[PDB]
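One structure is given below, encoded as structure tokens.
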Amino acid sequence: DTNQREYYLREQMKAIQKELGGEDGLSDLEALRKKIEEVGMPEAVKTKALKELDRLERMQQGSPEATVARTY
Amino acid sequence: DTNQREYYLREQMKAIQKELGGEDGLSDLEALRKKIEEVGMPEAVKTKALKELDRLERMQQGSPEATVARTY
Amino acid sequence: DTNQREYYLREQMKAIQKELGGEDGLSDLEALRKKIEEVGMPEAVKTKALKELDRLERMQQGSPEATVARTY
Amino acid sequence: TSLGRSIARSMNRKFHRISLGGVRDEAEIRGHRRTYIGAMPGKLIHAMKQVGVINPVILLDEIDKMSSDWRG
């Protein structure tokens, strides 16, 4: 019961860390989405970048996926 | 009204954070969050401090991630 | 079903855990509360003694933070 | 050890012995993180607990074998 309650509460914590507006959990995430698009890359680079873009929508205390995805 | 909204969310976190993570560390965490604004800090520094604050408000676990974020 | 069984086995680990290792002293509480007053603590030392006393009388044995607070 | 005991007798203090050989971290010098049950104070706090005076004569044993192995 306590673990279910803790997961519930931490998940509202995740659902209220969306900066209130809910556009993105972290600004860095939405910045990379447009920065990939706003740069003219070849079909070999742009198309792949559009798929490693899906590694985003993660935050530091959650999955460490974005930790190196943002750097890449 | 929106500011009181954000601080009501902070009321939720502070009411549930009791005896979770570090109860003593709660005062340190709040002091560091306040010093984020008190100390004149660069905007990128402010953004990464907010990243670590999101890596706090910890109703996930009392994991070393929370402790290392407090030390950070 | 096998993941549920493994998760329940981890829960069995963490529920059989407290016994040899974890220890609680409910009888000492009153002694610890009284001996604060009759043995003079320095100003900061008295402040942290009052702090650790405040950490009890709300949570005393049912949380990891309360028992380490009692040990302190 | 008898030398330190007699020195404490000369000043009419209470003497103590704490061994530091076999320690390469600060977990037994300082305490442990205040985020869990199991946090343990350092050898110095043991020395104060086992002595009955504000002003003991703390004996640090085997200090020459201190080196950086882990935890700094």
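Residue numbers (the deposited numbering), protein chains in the order written: chain A, 218 to 289; chain B, 218 to 289; chain C, 218 to 289; chain D, 362 to 433.
For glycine and all other residues, C-beta sits at the position ideal for the given N, C-alpha and C.
| message | Just to confirm before moving on: does the CB-CB distance between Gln278(A) and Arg272(B) stay below 8 Å? | response | Here the question's residue 278(A) lines up with position 61 in the first sequence. Here the question's residue 272(B) lines up with position 55 in the second sequence. A contact, by the Cβ cut-off of 8 Å.
| message | Based on DSSP bridge pairs, tell me the residues matched to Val418(D). | response | Reading the fourth sequence from its first residue, position 57 is the one you call residue 418(D). For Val418(D), the pairing in a beta bridge is given by DSSP as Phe376(D).
| query | Can you tell me the Cα-Cα spacing of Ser280(C) and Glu387(D), whole angstroms? | reply | In the third sequence, residue 280(C) corresponds to position 63, counting from 1. In the fourth sequence, residue 387(D) corresponds to position 26, counting from 1. About 26 Å.
| said: On the criterion of 16 or more Cβ atoms from any shown chain inside 10 Å, does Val285(C) qualify as buried, or is it exposed? | reply: Residue 285(C) sits at position 68 when you count from the first residue of the third sequence. Result: buried.
| said: When you compare the stretch 255 to 263 of chain C with the stretch 227 to 237 of chain C, are there three or more beta-carbon pairs, one atom per stretch, that lie closer than 8 Å? | reply: no
| said: What would DSSP say about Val384(D), mapped onto helix, strand or coil? | reply: One-based indexing of the fourth sequence puts residue 384(D) at position 23. Residue state, collapsed to three classes: coil.
| Would DSSP call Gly242(B) helix, strand or coil? | For the purposes of this step, residue 242(B) is taken as residue 25 along the second sequence, with counting starting at 1. Note: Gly242(B) maps to helix in three-state DSSP.
| request: Pick out whichever of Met276(C), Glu274(C) and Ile253(C) has its Cα sitting closest to the Cα of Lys265(C). | output: The sequence position of residue 265(C) within the third sequence is 48, counting from 1. It is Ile253(C) whose Cα lies nearest to the Cα of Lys265(C).
| Cβ-based burial, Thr219(B) [other Cβ within 10 Å; buried from 16] | As a position in the second sequence, residue 219(B) is number 2, starting the count at 1. That one is exposed.
| task | Compare the C-alpha of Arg275(B) against each of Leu249(B), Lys231(B) and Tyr225(B) and name the closest. | result | In the second sequence, counting from the first residue as 1, residue 275(B) sits at position 58. Of the listed residues, the one whose Cα sits closest to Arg275(B) is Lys231(B).
| Which residues mark the beginning and the end of the alpha helix (DSSP H) in which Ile406(D) is found? | Within the fourth sequence, residue 406(D) is the residue found at index 45, counting from 1. It spans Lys404 to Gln411 - the alpha helix (DSSP H) in which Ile406(D) sits, taken as one unbroken run.
| Using the beta-carbon of each residue, which ones in chain D are nearer than 7 Å to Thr219(C)? | Within the third sequence, the letter at position 2 stands for residue 219(C). Residues of chain D passing the Cβ test: none, with the nearest at roughly 30 Å.
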